[PDB]
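Okay, here we've got a single chain as structure tokens, the form deposited in one PDB entry, with questions on binding and movement later.
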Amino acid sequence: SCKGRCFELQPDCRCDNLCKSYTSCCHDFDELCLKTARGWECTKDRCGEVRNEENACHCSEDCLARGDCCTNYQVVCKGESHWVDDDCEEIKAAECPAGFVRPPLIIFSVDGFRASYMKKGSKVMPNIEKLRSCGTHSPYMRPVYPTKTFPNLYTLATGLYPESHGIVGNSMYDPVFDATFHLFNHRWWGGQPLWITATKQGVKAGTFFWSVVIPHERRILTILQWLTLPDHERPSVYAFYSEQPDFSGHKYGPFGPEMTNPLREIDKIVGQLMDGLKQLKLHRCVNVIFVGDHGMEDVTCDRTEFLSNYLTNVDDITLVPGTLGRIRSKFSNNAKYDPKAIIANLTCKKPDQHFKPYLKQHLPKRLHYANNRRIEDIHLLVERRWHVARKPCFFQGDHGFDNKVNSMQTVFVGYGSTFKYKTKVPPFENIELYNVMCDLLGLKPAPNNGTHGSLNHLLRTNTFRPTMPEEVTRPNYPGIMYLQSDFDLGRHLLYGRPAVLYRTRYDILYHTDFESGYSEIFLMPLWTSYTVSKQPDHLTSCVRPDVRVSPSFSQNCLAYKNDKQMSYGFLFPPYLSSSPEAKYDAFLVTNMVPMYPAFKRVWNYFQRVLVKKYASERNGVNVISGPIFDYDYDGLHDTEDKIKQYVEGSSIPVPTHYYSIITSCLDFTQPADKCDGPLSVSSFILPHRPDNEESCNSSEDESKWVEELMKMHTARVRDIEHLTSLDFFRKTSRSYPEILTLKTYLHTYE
């Protein structure tokens, strides 16, 4: 029996909340623990009360002490007020009763709560509105790809991309075992979640999981109940979860009028939470995070592309369907199965095609969706509002699309003593929360993909002091060291010189129009920096040796002549040179990089047309460009070990991508090279591909397609730091936490 052991935190008859899922509860759990009687609200008559065990909650004078009161008791029978009726009072300091070592954290998570419901629900969710308004909040929070529940909830809790924590979807095929696994035990998965991190550091955690038949009102009383327990038992961190509004969203669509009740209902539970805390004097002591795993889009049966309309033998493939596609051979010894053919077959075959196929390594890097062996090589990015099935109602809403999509954005509100008061912060990525939650609990966070510091502007106190990483390889500064005859060939640095964070050998090179860091190992620049202010020739096939760099560690024009696939281009573009004299610097062999003919069309468009437009538009730009090597698609700078391809019969490694970081003043009335304030930045990581299969209008003028591809491969600065092992923005006039925020920014074009 459960006697009074009920909802306990720890062979026998079981009393914990998760027992009902494992069907291991004692026969009397439904009698003692899950009482439903009289409802979840007091009334005038209920007050002055027999502390009747039969009830769900009590309105007796006993009530307050035992810690099992109905959440609106004070409001109804001691004259006090609903917390939503009070005016925002700032909380300059945690107001906890004696013997609390720290402010409790309550994570209030909701499935499928799209960011728009905040504007178009103000009227119907007043308690949530009061959290938003009095607390700290962002316009939206960005989930991770894929925008599905389990992958997002576990990232939330761990700080890791799905590729790394391992929950890449609900069914996953492991080719090591040739078996499929259907999704819960935290422990077999990657990363350290929050409830563990806290436990290992002597901070007691409550459950982050509930048995679905336990109704929401009971879960709240349970948390308030636990909060009255004594110091040696009481947990410091708790978690509520709601399947709504995701559940109704699938059924009715995010804009269905049927959505209105479910949000009101979620708001009621958030009401009980606050009314309950308040009547335990804990409403200015606990920190609450109201947070969402992802959003919801309109998607119906009739918007469904079918693979059988593209592929000869569709019974030879296995497809995970829906708002993303994952394709895999169904049969093990099938020599008829050809990934290159499949992708070709699925590539721009209709003008209005509602998905695009990709091998995972060609997916835009911002998705971080490749480095896991249960991610099938062939992936389909599905257009928003659409589905993908194998071959030929329930639903009008779904999610799982590209996480830059708006319908997929989600919410974050931070209320409490440690959060700023009435503050609006910019949108961030949910991988950043794990680090913040550790901060609120005094924990050293486990290694994750967050960037610790980048969210210090959300917090009143408890900010941790991030430190710039150390240069690992100091630069060389060659002077004029060689003769033209030794060779057998054929202001611009506004934010600090970036710092090389791995062991290598590089020369820093200066020119009038640009500054560069040249790797004597990779035979090209690691980075090329140049400012262009707001305000040609027939030398195409000439290159000059750089006299500051030995011919051993320079590229040559023989390799590029004898490579019928590969060509070369410049990181600093000759077109932007400041004078006929200076133009010769842009043609130094130290400025060449390997570039497929197809990539040049993108790259020339960019250097010739978009940079000067960007400069006009933003009042100057600083531009840092370099190559990236990521052949193992793990999002990190490759070692020489990992390089698969080279320019014909040479040591010149071919980059898998090319980055650029484009930087200006937030105050566009000050030019780029004379800021006094915050910075503005947008970056991208363009894949380096022999063809333009990815862009459906590549046969047209670059004005009609290059800029669309670029928007698609937008990237955070931080992404490029991981992929290049550099560190940018080391010598600005801004604080290091502000700069971390700048670096986590991704410029979405929506």
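Note that residue numbering follows the sequence shown and begins at 1. Superpose the two forms; the largest set of C-alphas matching within 1.5 Å is the rigid core.
Another form exists, deposited in another entry; not displayed. Remarks below refer to it.
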(request) Once the rigid core is lined up, just say which one of 122, 81, 406, 639 has a C-alpha that travels 2 Å or more between this form and the one not shown. (result) 122
(request) Note yes or no: does the Cα of residue 469 move by 2 Å or more between this form and the one not shown after the core is superposed? (result) no
(request) Align on the rigid core first; then say whether the Cα of residue 175 has moved by at least 2 Å between this form and the one not shown. (result) yes
(message) Taking the rigid core as the reference frame, tell me whether residue 30 has a CA displacement of 2 angstroms or more between this form and the one not shown.
(response) yes
(request) Would you mind telling me if residue 385 and residue 122 are closer or farther apart in the other entry than in the shown form, C-alpha to C-alpha, with a 3 Å or larger change? (result) farther
